[PDB]
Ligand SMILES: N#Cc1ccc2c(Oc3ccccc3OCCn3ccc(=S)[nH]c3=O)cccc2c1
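This document starts with one chain, in the form solved without the ligand, laid out as structure tokens.
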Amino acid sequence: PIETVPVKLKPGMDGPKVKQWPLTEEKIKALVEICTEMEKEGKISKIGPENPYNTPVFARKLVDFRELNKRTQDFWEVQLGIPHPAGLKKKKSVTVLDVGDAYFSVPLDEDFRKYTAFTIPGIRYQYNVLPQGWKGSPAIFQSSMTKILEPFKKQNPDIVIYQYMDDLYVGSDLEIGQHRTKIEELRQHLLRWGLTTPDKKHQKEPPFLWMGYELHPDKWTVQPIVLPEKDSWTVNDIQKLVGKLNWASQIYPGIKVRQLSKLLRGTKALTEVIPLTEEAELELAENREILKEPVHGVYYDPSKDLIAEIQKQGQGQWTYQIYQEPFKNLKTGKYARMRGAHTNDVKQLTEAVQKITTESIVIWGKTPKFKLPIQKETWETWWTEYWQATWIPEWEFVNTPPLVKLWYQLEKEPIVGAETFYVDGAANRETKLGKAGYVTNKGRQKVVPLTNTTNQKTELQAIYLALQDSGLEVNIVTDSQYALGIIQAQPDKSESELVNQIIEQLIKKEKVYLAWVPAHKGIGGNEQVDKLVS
């Protein structure tokens, strides 16, 4: 009864014709029983050798639609992500329905049924429903499921129906008896469209399993994820492996899928043996201890505010909690990013505030109030002096050490009575020899030999020397904007050990004034140290 979705192949491309693998009397009989069943249920139709196309079938039954998927058009996946149980509000009555044979109950475009052709190892088959494993079956089903559900939701405004794939979440603040009949209507409404809902895939009492979450009356806990410790993986339970683990990635961050997936750079048959490259053995194992950690949260109350508190941890890691009542957290997580060039803690905190803000808008459609381990004056000093535009939403200070600080601050005007160091660096040809030195208005000077360096590194080395051999107050003059701009970025950490100790000198200093002049002009301080590194 459902209107079909028009499916076109990619332009200039024909259907798939991958030869069938011939196999044994053992499971070649099960297929035709399976298939007659499917033909007796209307899911597949018979045609002879008229259409050319072929899709391999292995052996419950399995179909390999990979070659067909590479030729099928792109479908806009409407979903911006999965739902989070913390996004749910508490409803007096909850129900989780699951549709029986979700895919095998939505008709396929009749013009597109020809390329679906396959042959039992003989009678040839072509699908008339959404096939499992095809590219478009998820998008077409959910679209079909939605507009099939819309007249029901409109005529039943007192209930809320959340739909994702097979599982239907049906919540309401109605009486259980009234909530009872409203469900049976939905099942009867679904049954009239050819979508049955079995009775023990029907979830009646609670802990209600919706998308791998146990929905207790006043809490939710993620379903313990357990996936196999077998010995000889094949690339189907390697593709079901990458599948049901990179949905776990949404609730469990840090679960990456690069290794496994890379194992299908080949024309492999879906049933043949697949060797684990030893790179892939730590992939699973790295987070098998992450997967075993529990997750639990509370439900959302829109009458109260959202509070987000962030804490500082080791090695550029940050923890955060999102709650409405104190310590009754809706969501918690970890964030870990140190920059590849130069980062400081205030930047990382600004990034953490922004990353939580976005996922808060994703889940609740609003920005939380933040409690951050930073002084108002520390922040005020940072953003007003930062060369770039920056800002954070409405927040308040929380005294949870280690607090975030500014570890140094360059001065804005040159310092009277402070030693003025002019620095420079240089390199020569293929010589693999560098010079970084300084000259001082008081006559002080120094030059050191360098081994394997860039040209920036010489300029950064020159600045570092002036910080070493100077008092608590110093004015430094460089011709290098690279060096001057790196300190202008105000980093407190670095992967460059030279930069790290320039920081360490900068922290120990009392007043530093960095100054820039164009090289190879008549400037008195620049040219003297420039000749010394000639």
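Residue indices: 1-based, along the sequence shown.
The same protein has a further form, the form solved in complex with the ligand, not shown here; the description that follows concerns it.
- The site is blocked: after superposition of the local C-alphas, three or more atoms of the ligand, taken in the bound PDB entry, come within 2.4 Å of this form's backbone or C-beta atoms.
- Here the marked residues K8, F75 and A117 all miss the ligand in the bound PDB entry; none has a heavy atom within 4.5 angstroms.
- Note that among 154-162, 281-289, 266-274, 108-116, the stretch whose heavy atoms approach the ligand to within 4.5 Å in the bound PDB entry is 154-162.
- Among heavy atoms of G136, none comes within 4.5 Å of the ligand in the bound PDB entry.
- Interface membership of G177, defined by any non-hydrogen atom within 4.5 Å of the ligand in the bound PDB entry, is ruled out.
- For the chain shown alone, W318 is not a contact residue for the ligand in the bound PDB entry, no non-hydrogen atom being within 4.5 angstroms.
- Using a 4.5 Å cutoff between non-hydrogen atoms, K304 does not count as a contact of the ligand in the bound PDB entry.
- Between the options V96, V439, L260, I310, the residue in contact with the ligand in the bound PDB entry by a heavy atom within 4.5 angstroms is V96.
- For the options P228, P217, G122, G254, the one in contact with the ligand in the bound PDB entry, meaning a heavy atom within 4.5 Å, is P217.
- If you take 45-82 and check each residue for a heavy atom within 4.5 Å of the ligand in the bound PDB entry, you get nothing at all.
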